[PDB]
Protein chains: 2
Amino acid sequence: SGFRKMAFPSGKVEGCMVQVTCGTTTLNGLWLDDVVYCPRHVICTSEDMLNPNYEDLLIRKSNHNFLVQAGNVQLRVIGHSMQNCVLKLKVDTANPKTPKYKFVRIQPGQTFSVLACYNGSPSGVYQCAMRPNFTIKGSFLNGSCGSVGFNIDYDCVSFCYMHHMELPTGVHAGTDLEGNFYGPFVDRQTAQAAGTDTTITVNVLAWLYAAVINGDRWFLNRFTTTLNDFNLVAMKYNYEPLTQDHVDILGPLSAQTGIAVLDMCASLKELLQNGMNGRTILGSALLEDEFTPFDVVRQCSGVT
Amino acid sequence: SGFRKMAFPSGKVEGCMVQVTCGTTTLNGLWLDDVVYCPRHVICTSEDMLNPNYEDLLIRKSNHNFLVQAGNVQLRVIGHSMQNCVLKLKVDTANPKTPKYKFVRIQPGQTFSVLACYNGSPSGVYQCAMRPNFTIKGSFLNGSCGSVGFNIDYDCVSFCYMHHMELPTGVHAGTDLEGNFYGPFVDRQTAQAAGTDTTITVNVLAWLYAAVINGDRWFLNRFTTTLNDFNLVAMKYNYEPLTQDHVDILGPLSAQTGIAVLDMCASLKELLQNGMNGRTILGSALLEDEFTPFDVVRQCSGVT
Ligand SMILES: *C(=N)[C@H](C[C@@H]1CCNC1=O)NC(=O)[C@H](CC(C)C)NC(=O)c1ccc(-c2ccc(OC)nc2)cc1
Ligand SMILES: *C(=N)[C@H](C[C@@H]1CCNC1=O)NC(=O)[C@H](CC(C)C)NC(=O)c1ccc(-c2ccc(OC)nc2)cc1
């Protein structure tokens, strides 16, 4: 077959997207059971975002100051509370389209599907990876806040991300479904910096395994390299260091293609030191790191 | 914001995917109203695919030889007919989740979202462009046949593609929802060739307009070029020729960024003649042509 960046089917997540309005600010919310989740900066006007005291701002707000809309139907808010940077709205109606769901906190290097929403209506879907500096490279316009990232395990939806803000470099930052920010960011219109972003090495190796599976084999040498010799070279080229845990995740991929992981590191070492010389790998002139080993096995088996 | 490859929300299409079994072959079908659509080679065994006579093969089949499954529920087939390369199954139950839909035949250069399915169950979603040689670059394993490509206009689903086969070069080919193949292909396990694939120039220019919008402006020169001088250079580098119709589609993008289309062609002319010198545009070391002018305005406005 081929290899493409693939997002999970967004059907179950679509039924949980609602519109949350507080004053003039409007963003998206997540309606699960009788609770609506949305970023807390919806209670902010344009001037509070520079330096907000969310404790004093939410104290002035009552239940009727929150307008929740599921389509053209208004939900009655009967309770509200603030958990970290996420504001929780209790409603009088349980969402009938609630799927089996979990609240998880992903780790750097893992991927998830993003459902970009505006005014509580789905607009598109794309796949995103959690960078080592806890940022993401998405597409988020005004009002996209409250859009959620998720994974799907057959019938269970693992919500893991909520969009909150954009950084000066154009990358995006957000929280989990418990309100805790990924990284050292705060929901305030101020100059915030992300760390030096590095390359997810275990994801590059998984992507190269997908290349060999699909036909692209010109980069395959027969040179070899120790796990330590590759790690010192990977640090020069701004790559995450490879641990034995990382080599075990690439195990199923190693035993299937007949390519030992240590030999895969040697081909990657040469590609990093000698460049690509204008060639392409899976239709790309750069080394992709947004494919986890799980994503490759996902696409090479059709988990459906 | 940022710029990403974005697929339409697959919620409405998910409710129309069923499993179609005939003998030992199993693929996916599209259940709209009381009709199920699926590729006709489901009536083929492994040996007929080399040289099938679908007229004689379907004549031996009756209604009860077709097993249609919507989840764990069996649909009763009460009628069947063959329209070009698509086999149509009339069922006794109208799909309650049928959205407002149309059957369209897209043109080369236009894009659509692909919902990859296996055994009638959705697996993932990604965006695909119709190459000038009427092929697509997707991800399709065994049993993925019957997966459909579609566009969404607010509440209307425009079905336009159905997957049928893979070519020797690894690219994929299929039909519209009327059974007519895109290109000069036939549903038979034989050596088939696609034409020389060329680059969709109007899509590259739209992608460069999205780059200027998002910050990437290093490629912006102030050189100029006539529509004819660019077309003769575009033919050397295997690019589609630009017509006045193409310049009109880039109009809204031209009047918004203050960059005339003729100046955009000059910057593209230099990028084609002088390379990229190791730089990147929107995080890519190649010129992307899978973004139509409509897709760029779609993402720069949030059509939702
Ligand atoms: C939510 N609807 C919106 C989505 C943002 C806006 C457009 N694209 C996005 O990703 N989020 C916001 O408006 C939030 C609201 C705060 C209260 C959390 N803020 C930002 O997204 C944001 C903050 C700061 C800056 C910024 C950039 C450079 C700079 O230089 C000194 N200073 C500040 C940008 C955006
Ligand atoms: C449908 N489930 C399946 C999807 C294909 C298989 C795996 N990936 C895909 O995209 N489609 C098929 O099995 C169809 C069935 C026919 C009857 C339409 N066939 C092919 O996909 C197919 C035909 C021919 C060749 C081929 C390649 C090289 C070659 O060299 C001489 N000769 C033939 C490959 C695949």
Side-chain angles (χ1 to χ4, degrees), chain A residues 1-2 20 25-28 38-52 54 57 85 114 116-119 135-147 162-175 181 185-194 214 302, chain B residues 1-2 20 25-28 38-52 54 57 85 114 116-119 135-147 162-175 181 185-194 214 302:
Chain A
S1 180
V20 158
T25 307
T26 281
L27 38 72
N28 314 286
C38 78
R40 74 176 170 176
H41 72 259
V42 69
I43 71 178
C44 277
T45 72
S46 283
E47 82 216 323
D48 317 286
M49 291 173 181
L50 298 180
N51 204 19
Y54 290 101
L57 287 163
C85 300
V114 175
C117 293
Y118 296 94
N119 294 320
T135 56
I136 87 172
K137 277 130 170 313
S139 181
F140 288 114
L141 300 175
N142 265 55
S144 78
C145 291
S147 293
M162 201 189 231
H163 183 60
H164 275 252
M165 73 197 307
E166 171 167 319
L167 291 194
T169 76
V171 303
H172 304 94
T175 76
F181 254 100
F185 312 110
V186 289
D187 42 2
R188 145 161 195 216
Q189 189 177 320
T190 196
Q192 285 164 88
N214 281 275
Chain B
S1 180
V20 158
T25 307
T26 281
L27 38 72
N28 314 286
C38 78
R40 74 176 170 176
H41 72 259
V42 69
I43 71 178
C44 277
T45 72
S46 283
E47 82 216 323
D48 317 286
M49 291 173 181
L50 298 180
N51 204 19
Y54 290 101
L57 287 163
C85 300
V114 175
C117 293
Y118 296 94
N119 294 320
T135 56
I136 87 172
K137 277 130 170 313
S139 181
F140 288 114
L141 300 175
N142 265 55
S144 78
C145 291
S147 293
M162 201 189 231
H163 183 60
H164 275 252
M165 73 197 307
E166 171 167 319
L167 291 194
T169 76
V171 303
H172 304 94
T175 76
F181 254 100
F185 312 110
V186 289
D187 42 2
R188 145 161 195 216
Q189 189 177 320
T190 196
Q192 285 164 88
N214 281 275

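Hydrogens, waters and symmetry mates are skipped; everything else that's a heavy atom, side chains included, is used. Counting starts at 1 for both ligands and their atoms, following the listed order. Residue numbers start from 1 in every chain, and the chains themselves are labelled A, B, ... in the order their sequence lines are given, proteins ahead of strands.
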**Student:** How long is the gap from CG on A/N119 to CG on A/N28, to the nearest 0.5 Å?
**Tutor:** 7.0 Å

**Student:** Please output the side-chain donor-acceptor pairs of residues 164-175 of chain A that fall under 3.5 Å, not counting sequence neighbours, one pair per line with the distance.
**Tutor:**
unit_1: A/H164; atom_1: NE2; unit_2: A/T175; atom_2: OG1; d: 3.2
unit_1: A/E166; atom_1: OE1; unit_2: A/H172; atom_2: NE2; d: 3.1
unit_1: A/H172; atom_1: ND1; unit_2: A/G138; atom_2: N; d: 3.3

**Student:** Sequence neighbours left out, what passes side-chain hydrogen bond (donor to acceptor under 3.5 Å, both in side chains) with A/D48? Give chain and number order.
**Tutor:** A/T45

**Student:** Which N/O atoms of ligand 2 sit under 3.5 Å from a protein N/O, and at what distances?
**Tutor:**
unit_1: ligand 2; atom_1: 2 (N); unit_2: B/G143; atom_2: N; d: 3.1
unit_1: ligand 2; atom_1: 2 (N); unit_2: B/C145; atom_2: N; d: 3.2
unit_1: ligand 2; atom_1: 8 (N); unit_2: B/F140; atom_2: O; d: 2.8
unit_1: ligand 2; atom_1: 10 (O); unit_2: B/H163; atom_2: NE2; d: 2.7
unit_1: ligand 2; atom_1: 11 (N); unit_2: B/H164; atom_2: O; d: 3.1
unit_1: ligand 2; atom_1: 21 (O); unit_2: B/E166; atom_2: N; d: 3.0

**Student:** Flag the pair B/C145 / B/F140 as yes when at least one side-chain heavy-atom distance between them is below 4.5 Å, and no otherwise.
**Tutor:** no

**Student:** Holding to side-chain hydrogen bond (donor to acceptor under 3.5 Å, both in side chains), I want the full list of residues that pass it with B/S139, two or more places apart in sequence or in another chain.
**Tutor:** A/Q299

**Student:** Measuring only between side-chain heavy atoms, which start at C-beta, is A/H41 closer than 4.5 Å to A/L27?
**Tutor:** yes

